[PDB]
């Protein structure tokens, strides 16, 4: 069976949890002593690689990660947008607060994230980030957005496509448990730590 070494506050861990639930898989989650998957002794690391692996090994169809090279290319592109832009820019803010005891968020880092929101809005021409169907790229993207939006405000009037997209994902029965709670809490924890650092 599938063991996940994980922290629920962690966005890439939640991206995997979302994936495991969409595949109908049960995850035994373990705290560290991320994410790291133990599939029967075989160790898989890095959230995107894990998600691809899980769909490849355990998907009964390929809707979450297509076999067709062209369709698959669009999901792959979206996965790298998440790692290269969405996650990278959030981490640029969070790390300074979490590990280096800083209390300020530099203005240009807020702006870098605000720009990533506009890029995301632009990609949401269809209902989901890689096209008309929901894929693991949506899981990767929402695990990050649901965390950072509690820190760098994501304006409803300026991002209608993103809120519709979030509302779609919130219609998944497993959304709140696999992702929503943890992402909301990660935002609150960043804000609490930011304030604590200044004391």
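Numbering follows the first chain given and starts at 1.
Chemist: Using none, 1 to 3, 4 to 9 or 10 or more, say how many deposited residues go missing between residue 171 and residue 172.
Modeler: The entry leaves nothing out here.
Chemist: Looking at the entry, does 92-100 or 112-120 show the higher mean C-alpha B-factor?
Modeler: Mean B over CA atoms: larger for 92-100.
Chemist: I need to verify one thing: averaged over C-alpha atoms only, is the B-factor higher for 138-146 or for 24-32?
Modeler: According to the entry, 24-32 carries the higher average C-alpha B-factor.
Chemist: In terms of the CA temperature factor given in the entry, to which third of its chain does residue 47 belong: lowest, middle or highest?
Modeler: Answer is lowest: the recorded C-alpha B-factor places it there.
Chemist: By its CA B factor, does residue 64 count among the lowest, middle or highest third of the modelled residues in the chain?
Modeler: Answer is lowest: the recorded C-alpha B-factor places it there.
Chemist: Taking only the Cα B-factors deposited for this chain, tell me whether residue 55 sits in the lowest, middle or highest third.
Modeler: Answer is lowest: the recorded C-alpha B-factor places it there.
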